[PDB]
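Chemist: This structure is in structure tokens; I'll ask about it shortly.
Number of protein chains: 4
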Amino acid sequence: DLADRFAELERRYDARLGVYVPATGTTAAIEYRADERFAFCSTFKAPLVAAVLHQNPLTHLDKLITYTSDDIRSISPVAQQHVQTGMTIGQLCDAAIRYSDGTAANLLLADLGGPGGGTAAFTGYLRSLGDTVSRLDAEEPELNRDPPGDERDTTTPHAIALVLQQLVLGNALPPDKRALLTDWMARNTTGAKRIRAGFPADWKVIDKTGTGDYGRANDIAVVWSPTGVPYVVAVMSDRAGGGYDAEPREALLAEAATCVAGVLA
Amino acid sequence: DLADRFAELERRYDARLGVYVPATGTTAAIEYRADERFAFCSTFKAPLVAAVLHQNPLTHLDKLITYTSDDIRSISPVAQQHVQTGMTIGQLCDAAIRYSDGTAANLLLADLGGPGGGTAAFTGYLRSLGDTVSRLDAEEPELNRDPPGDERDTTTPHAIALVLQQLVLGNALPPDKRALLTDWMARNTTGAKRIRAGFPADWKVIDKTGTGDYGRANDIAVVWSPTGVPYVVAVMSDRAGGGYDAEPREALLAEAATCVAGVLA
Amino acid sequence: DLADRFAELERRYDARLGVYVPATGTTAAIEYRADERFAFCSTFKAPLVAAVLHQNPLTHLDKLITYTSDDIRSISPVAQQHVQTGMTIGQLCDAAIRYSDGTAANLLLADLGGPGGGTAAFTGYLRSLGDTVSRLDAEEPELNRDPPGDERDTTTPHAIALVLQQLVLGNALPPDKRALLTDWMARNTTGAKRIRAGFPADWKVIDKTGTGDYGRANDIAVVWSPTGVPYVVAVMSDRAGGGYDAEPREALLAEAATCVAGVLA
Amino acid sequence: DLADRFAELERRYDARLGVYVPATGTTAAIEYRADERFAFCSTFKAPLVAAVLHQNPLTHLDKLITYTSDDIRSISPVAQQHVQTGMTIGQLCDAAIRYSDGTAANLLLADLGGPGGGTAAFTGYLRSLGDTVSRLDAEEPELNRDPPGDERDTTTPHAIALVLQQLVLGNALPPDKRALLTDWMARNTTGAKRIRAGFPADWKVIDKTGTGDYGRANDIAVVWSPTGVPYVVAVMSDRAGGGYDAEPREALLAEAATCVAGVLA
Ligand SMILES: *C(=O)/C=C/N[C@@H](C(=O)O)C(C)(C)S(=O)O
Ligand SMILES: *C(=O)/C=C/N[C@@H](C(=O)O)C(C)(C)S(=O)O
Ligand SMILES: *C(=O)/C=C/N[C@@H](C(=O)O)C(C)(C)S(=O)O
Ligand SMILES: *C(=O)/C=C\N[C@@H](C(=O)O)C(C)(C)S(=O)O
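Residue numbers (the entry's author numbering), protein chains in the order written: chain A, 29 to 293; chain D, 29 to 293; chain B, 29 to 293; chain C, 29 to 293.
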């Protein structure tokens, strides 16, 4: 039983492990705490980019957005260097996926537009992909700091997985819009020590990481087999027992992913 | 129930798969066809270099060995380039391991001395290491093409996995010699597509490959988890039903090594 | 007349090129715009680490440095994943060289201590080595975006080439420290397409890269002949005529290197 | 100029160096002892398989050739493992290129047919490519050991370049046949320590080596620049002053190819 190994890593790293791999024609689904709620954290920036892509035509990307020093609130390695010049919507998609830029996310959220920075617009977009569970209620960085047991800004390894299956493998976007999102994820720069570290090198890995308080660490990915077969992997985790300032354990995610690789090989 | 996945691979590739992973304090031993005989092929060169190292003072490595054109009877990518200069026992060790050089292995066997070019001497070194089943009856390239069912030049995944363990991890050698074999194997250039390919890149892998007729392909290795725990992995396979000319499938080996990796995480 | 090839590359890549290789015993010094000023960019992180190493005992490298979100001001691939846990002075040295992490270089500059985040100190360390020309007046990322003609945050291929010769080949650091700096520069991950790409593979190359705006692209390195002769190579280029957003051209650097390689053979 | 580096290596390696790079549209011709005669050695097997390719249709490759133990007269790593079974013409091509198999060459010569193992036939195909100079008179291994000064079994770095240019870059063979020759030369296994070791790794290199007595070391190659420009490089060398059993110096060839690489960049 793969679940015993998934229940060993929890004890080993003292964490709560969630895993979900959508079943294919050739393989059953992998499930561990799949329908338990975990905090999005930064992983919501994947479906956030595809939202803006879906409501707006390709030219919307060349729209410039200006901002000030007060708009920078979370880790923003790209946004802090363009406060004077401003950024085009496309650049904020690149910053938000590849570098998990917090400000670009809050901006892309306002670009969706609506109540409370268009968080509701975002959940809305998740409801037209058939996901009725997930929700987003705060912005960066408060969405990372909700206490355990609270359902705000939460998702489930089961529900995000399917979302990413629809977005990268399905027909949620047109191909030329699907091309941009995939590339941004294939060039993500924050997922080296996670899912990307547990799959052999001759597997392809696109991903979007998520980190937060209470030892939260997420990586959602689409990996390709050396023969070209695609699968979707969702790994979410937190260490609430350790409290607010518990340390997130990346190795847990990399070790988990290796277990998935073994069954997927 | 990792045996089901191994039995699925055998079907997928039209091959017979044999795997052994010695037990560790934390984990149980993995066994598929562990006590069946497969052909040594060029995996006998790892303990061959051990035997040479074992019976000689370190100074012997500088002893120059000269040979003639009629000695190059198989592929010898290195020895073929030194027929006029000659080679030292060390350079023959390096080539026999790192480039699986055929001529190197026969000269080493000769340096062991005794009946039949030192095949008997080699087998006695394995008996002294406790190996009760393995046997080397011929030289390169004959030892690669024995017909199926013939027990000559065969070992078992269980037997060789335990020899490798003692040579690298145990005390069969002193540290100053053991450190040479480990290096040579650490820098093998013929197994990028086998065990190396099924294990993530943060796992250290040292190996010696073997390939022969009847679609034979083996690889024996020591692997170090990212945390530092060492494991020994014997993977051997043949496709003797397809006949003499059958094609080895390196992907089988890699895929089994990826299966072993999930179980070992 | 190697200065005819360098000039032809300048014409071809629409760039200004600077090249210095100190003279060895066997060979003369290679010079092109050698005494002209080029922006440091990230190449300052190599002597910076040597600065921290020099002023502190080896166990100072285990000091834990904690930072916040506001401290992530440029791309910081490592620092951004450790905001919770904090980084050691050893880890910061690692990431400033190998991933050219920006937050790590800024922190280290502070650990040097002194006026304006320790840039006066970094400079003073260069003055103690003999460099009377270089200067460091800003932090990351402001030090990459100085307008052409300005002398703030600049060195010269001549000047930097001699600093790197002392730090690595000379005795500006005791062997135990020196070997750490040498090892970090040997495992660089940002210089695959620059000097490394311009030398044959059987030459060992350690290096630190530099990139900025105005198509700035530098790379400083020590290289070892196959026989073991060390040379220091300082290559720097910009394209400030094409303005702030001009694209750097790595292949200019990989080609210059290929020219220096032939002359040194 | 580049000729003074070429006269340095001669002194450095105590040898006689011959370099020829035919001029292209963009570059001039590199010449050093370009018309001085050097022993073919095993580089005649490049034009040899082309000759067999040329005057036969593609189906002639499947023809089978049986032979005996007495035919095995030179280093024959592949032909010695097929005495019983025999070899097809194509195996004799691949073997004679990639592994420099002596027996396979002497059989290909005899397949061309005619006087004295058909050597005249071979020269009879060189003149038709315009080469008035070169000649082949003996078989393996005698062609490798004619004395210095003698003209049998010689070509010139100028005369064999323009054949390899026609034979890979020209219209000497149709594409179908062209494809096979080229592939065999890009998979050669005897030229890692020569031209291939002196050009950067992002340059493509195909070659056929030659080695013999009197310290004779040749390599002829077609190399591609990282941008796609092809070049023909002919390096040949002997050390006639050190006697019949003088050691060949591969390093000279690598260094000369690195010197060719610098101007070509
Ligand atoms: C991505 O959306 C955010 C993660 N936030 C964490 C991080 O590691 O970057 C914190 C908790 C450090 S943060 O909200 O600054
Ligand atoms: C190394 O010298 C540079 C770091 N930053 C520059 C870069 O090209 O990566 C900037 C200024 C563009 S950045 O902080 O991304
Ligand atoms: C052609 O491939 C040449 C072989 N010549 C020499 C070699 O080193 O390979 C000898 C000495 C083996 S030979 O005269 O056959
Ligand atoms: C040792 O057993 C390894 C390799 N040799 C085989 C190979 O596949 O290359 C032979 C015997 C077929 S070979 O001609 O080297």
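Positions of the beta carbon are idealized from the N, C-alpha and C atoms, including for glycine.
Return the residue from the list D:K91, D:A279, D:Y272 and D:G219 that minimises the CA-CA distance to D:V250.
Modeler: On the second sequence, residue 250 of chain D is found 222 positions in, with the first residue counted as 1. Of the candidates D:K91, D:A279, D:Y272 and D:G219, the one whose C-alpha sits nearest the C-alpha of D:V250 is D:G219.
Chemist: Going by beta-carbon coordinates alone, are A:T113 and A:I248 separated by less than 7 angstroms?
Modeler: Position 85 of the first sequence, counted from the first residue, corresponds to residue 113 of chain A. Position 220 of the first sequence, counted from the first residue, corresponds to residue 248 of chain A. No; because the gap between Cβ atoms is not below 7 angstroms, this pair is not in contact.
Chemist: On the criterion of 16 or more Cβ atoms from any shown chain inside 10 Å, does B:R101 qualify as buried, or is it exposed?
Modeler: Position 73 of the third sequence holds residue 101 of chain B. So B:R101 counts as buried.
Chemist: Is A:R44 near A:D235, with beta carbons less than 7 angstroms apart?
Modeler: Here residue 44 of chain A corresponds to residue number 16 of the first sequence, with the count starting at 1. Here residue 235 of chain A corresponds to residue number 207 of the first sequence, with the count starting at 1. Taking 7 angstroms as the Cβ cut-off, A:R44 and A:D235 do not qualify as a contacting pair.
Chemist: State the Cα-Cα distance for the pair C:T96 and C:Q108, rounded to the nearest angstrom.
Modeler: As a first step, residue 96 of chain C is located in the fourth sequence; it is residue number 68 there, counting from the start. As a first step, residue 108 of chain C is located in the fourth sequence; it is residue number 80 there, counting from the start. Each residue's Cα considered, the two are about 9 angstroms apart.
Chemist: Quick check: the stretch 185-194 of chain D against the stretch 158-175 of chain D, are at least 3 beta-carbon pairs closer than 8 angstroms?
Modeler: Yes, the stretch 158-175 of chain D touches the stretch 185-194 of chain D.
Chemist: Helix or strand or just coil, what does DSSP make of C:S156?
Modeler: One-based indexing of the fourth sequence puts residue 156 of chain C at position 128. Here C:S156 sits in helix by DSSP.
Chemist: At the level of alpha carbons, what is the spacing between A:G141 and A:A149?
Modeler: Residue 141 of chain A sits at position 113 when you count from the first residue of the first sequence. Residue 149 of chain A sits at position 121 when you count from the first residue of the first sequence. Rounded to the nearest angstrom, the two C-alpha atoms are 7 angstroms apart.
Chemist: Less than 7 angstroms separating the beta-carbons of B:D99 and B:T131?
Modeler: Counting from 1 along the third sequence, the entry for residue 99 of chain B is found at position 71. Counting from 1 along the third sequence, the entry for residue 131 of chain B is found at position 103. In contact: B:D99 and B:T131 (Cβ atoms closer than 7 angstroms).
Chemist: How big is the Cα-Cα spacing for B:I117 and D:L154?
Modeler: The residue labelled residue 117 of chain B in the question sits at position 89 within the third sequence. The residue labelled residue 154 of chain D in the question sits at position 126 within the second sequence. Taking the straight line joining both Cα atoms gives about 49 angstroms.
Chemist: Counting contacts by CB-CB distance shorter than 7 angstroms, is B:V291 in contact with chain C?
Modeler: Start at 1 with the first residue of the third sequence, and residue 291 of chain B comes out as number 263. So yes, B:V291 belongs to the interface.
Chemist: I think B:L89 touches B:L136, with their Cβ atoms under 8 angstroms apart; what is that distance to the nearest whole Å?
Modeler: In the third sequence, counting from the first residue as 1, residue 89 of chain B sits at position 61. In the third sequence, counting from the first residue as 1, residue 136 of chain B sits at position 108. Actually they do not touch by this definition, with Cβ atoms about 11 angstroms apart.
Chemist: Any heavy atom of ligand 3 inside 6 angstroms of the beta-carbon of C:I103?
Modeler: Along the fourth sequence, read from residue 1 onward, the residue named residue 103 of chain C stands at position 75. Yes, ligand 3 has a heavy atom inside 6 angstroms of this Cβ.
Chemist: Quick check: the stretch 272-286 of chain C against the stretch 209-226 of chain C, are at least 3 beta-carbon pairs closer than 8 angstroms?
Modeler: A contact exists between the stretch 209-226 of chain C and the stretch 272-286 of chain C.
Chemist: Could you check where the beta strand (DSSP E) with C:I125 kicks off and where it finishes?
Modeler: Within the fourth sequence, the letter at position 97 stands for residue 125 of chain C. Not the beta strand (DSSP E): C:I125 falls in the alpha helix (DSSP H), residues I117 to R126.
Chemist: Going by DSSP, what residue range makes up the alpha helix (DSSP H) through A:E278?
Modeler: Numbered from its first residue, the first sequence carries residue 278 of chain A at position 250. Run containing A:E278: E278 to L292, per the alpha helix (DSSP H) assignment.
Chemist: If you run the structure through DSSP and keep just helix, strand and coil, what is residue 296 of chain D?
Modeler: Nothing about residue 296 of chain D can be reported from this structure: the residues present for chain D run from 29 to 293 only.
Chemist: Let me see if you follow: with CB-CB separation under 7 angstroms, is C:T54 close to chain B or not?
Modeler: Working through the fourth sequence from its first residue, we reach residue 54 of chain C at position 26. Chain B, which has no Cβ nearer than 7 angstroms to the Cβ of C:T54, makes this no.
Chemist: Distance cutoff 7 angstroms, beta carbons only. Does C:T217 sit that close to anything in chain D?
Modeler: Here residue 217 of chain C refers to the residue found at position 189 of the fourth sequence. It does; some Cβ of chain D falls within 7 angstroms.
Chemist: Find out if the Cβ-Cβ distance for the pair A:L195, A:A78 is shorter than 7 angstroms.
Modeler: Counting from 1 along the first sequence, the entry for residue 195 of chain A is found at position 167. Counting from 1 along the first sequence, the entry for residue 78 of chain A is found at position 50. Yes, Cβ-Cβ distance for A:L195 and A:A78 is below 7 angstroms.
Chemist: Can you pull out the residues from the stretch 86-109 of chain D whose beta carbon lies closer than 9 angstroms to at least one beta carbon of chain C?
Modeler: Cβ contacts with chain C: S97, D98, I100, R101, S102, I103, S104, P105, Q108 and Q109.
Chemist: D:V111: beta carbon under 6 angstroms from a heavy atom of ligand 3?
Modeler: Along the second sequence, one-based indexing puts residue 111 of chain D at 83. D:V111 Cβ: within cutoff of ligand 3.
Chemist: Taking 6 angstroms as the cut-off, does the CB of D:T239 come closer than this to any heavy atom belonging to ligand 4?
Modeler: Taking the second sequence and counting its residues from 1, the one referred to as residue 239 of chain D is at position 211. Yes - ligand 4 has a heavy atom lying nearer than 6 angstroms to the Cβ of D:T239.
Chemist: Quick one: what does DSSP say D:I188 is sitting in, helix, strand or coil?
Modeler: In the second sequence, the residue the question calls residue 188 of chain D occupies position 160. Correct three-state label for D:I188: helix.
Chemist: Out of C:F66, C:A214, C:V47 and C:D230, which one is the CA nearest neighbour of C:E59?
Modeler: For the purposes of this step, residue 59 of chain C is identified with residue 31 of the fourth sequence, where counting begins at 1. The shortest C-alpha separation from C:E59 is found at C:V47.
Chemist: Against C:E283, what residues of chain B qualify as contacts under a CB-to-CB distance less than 7 angstroms, listed in chain order?
Modeler: The residue given as residue 283 of chain C occupies position 255 in the fourth sequence. Here the neighbours are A293.
Chemist: Is the shortest distance between the beta-carbon of A:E36 and the beta-carbons of chain B less than 7 angstroms?
Modeler: As a position in the first sequence, residue 36 of chain A is number 8, starting the count at 1. Not one chain B Cβ lies under 7 angstroms of A:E36.
Chemist: Determine the direct distance from the alpha carbon of B:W252 to that of D:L201, and round the result to whole angstroms.
Modeler: For the purposes of this step, residue 201 of chain D is taken as the residue at position 173 of the second sequence. For the purposes of this step, residue 252 of chain B is taken as the residue at position 224 of the third sequence. Those two C-alpha atoms are separated by around 34 angstroms.
Chemist: Got a sec? Which residues, its chain only, sit under 7 angstroms from D:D63 by beta carbon, not counting five neighbours each side?
Modeler: The residue given as residue 63 of chain D occupies position 35 in the second sequence. Answer for D:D63: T184 and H186, listed in chain order.
Chemist: Between D:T239 and chain C, is there a C-beta pair that is closer than 7 angstroms?
Modeler: As a working mapping, residue 239 of chain D is identified with position 211 in the second sequence. Chain C contact via Cβ: absent.
Chemist: Figure out for me which residue from D:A245, D:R277, D:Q119 and D:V257 has the closest Cα to the Cα of D:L81.
Modeler: The sequence position of residue 81 of chain D within the second sequence is 53, counting from 1. Answer by Cα proximity: D:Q119.
Chemist: Can you list, in chain order, the residues of the stretch 137-152 of chain C whose Cβ is nearer than 9 angstroms to any Cβ on chain D?
Modeler: From the stretch 137-152 of chain C, no residue has a Cβ closer than 9 angstroms to chain D.
Chemist: Given a threshold of 16 other Cβ atoms within 10 Å of its Cβ, counted over all protein chains shown, does A:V261 qualify as buried or as exposed?
Modeler: Start at 1 with the first residue of the first sequence, and residue 261 of chain A comes out as number 233. Counting Cβ neighbours within 10 Å, A:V261 comes out buried, since at least 16 surround it.
Chemist: What residue does the alpha helix (DSSP H) around C:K73 start on, and which one ends it?
Modeler: What you label residue 73 of chain C is simply residue 45 of the fourth sequence in a count that begins at 1. Run containing C:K73: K73 to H82, per the alpha helix (DSSP H) assignment.
Chemist: Which residues bound the alpha helix (DSSP H) around C:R40?
Modeler: As a first step, residue 40 of chain C is located in the fourth sequence; it is residue number 12 there, counting from the start. From DSSP, the alpha helix (DSSP H) with C:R40 extends over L30 to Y41.
Chemist: If I measure Cβ to Cβ from B:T55 and keep anything under 7 angstroms in the same chain, skipping five residues before and after, which residues do I get?
Modeler: Start at 1 with the first residue of the third sequence, and residue 55 of chain B comes out as number 27. Closer than 7 angstroms at Cβ, skipping near neighbours: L292.
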